[PDB]
């Protein structure tokens, strides 16, 4: 169903707590001023345990936050002290904030659990050698895993049946920004005309492990 996504409500800041400033890079650098806020919902076992963390930043510094496990706003730096004292004295606003863990976090999670949590995209797996430089060091066997979601993936290396443990290098999980990941897992060995290598890939979008052999 098409359920409405709700947003966290932001509070208005008042006056007071003026500071002389600090003194950072500048002079020639162009001035800029940023009011940035992130409200993060942390889930554990779905909605079993949820923690809400709101973080306020002004330019380069986080100055205030709302940890739903604390129940009250708390200044990270002087600059945020005014808001903490102010919003903490508005019982109505606090009650509202305290409930967002359910009216916002748990609420939106439920909606996203219908398509985002269950989203799964099968990886495209390939295998091939590289580094045509038998003068630089050793020979490298690359196992390419691309275009998959979610990010949690496991790629092992097998040489003639028995798995390899050392000599493994990777570029790690690379995020593409479009809900797909990619990664290259290499094996540092010395390919022989009479050798069989395999790359095993375990991923939640695969009923059972995908394998790809390679022989010289």
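Numbering follows the first chain given and starts at 1.
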Decide which of the stretches 161 to 169 and 181 to 189 has the higher mean C-alpha B-factor, going by the entry. 161 to 169
With respect to the recorded C-alpha B factors, which stretch has the higher mean value, 57 to 65 or 146 to 154? 146 to 154
Largest Cα B-factor, entry values, listed residues 137, 107, 74, 119: 137
Residue 123 - which third its CA temperature factor falls in, relative to the rest of the chain: middle
CA B-factor placement of residue 216, once the chain's modelled residues are sorted into thirds: highest
Modelled-residue ranking by C-alpha temperature factor, third containing residue 210: highest
Check where residue 131 lands among this chain's C-alpha B-factors and tell me if it's the lowest, middle or highest third. highest
Ranking the modelled residues of this chain by C-alpha B-factor as given in the entry, is residue 101 in the lowest, middle or highest third? middle
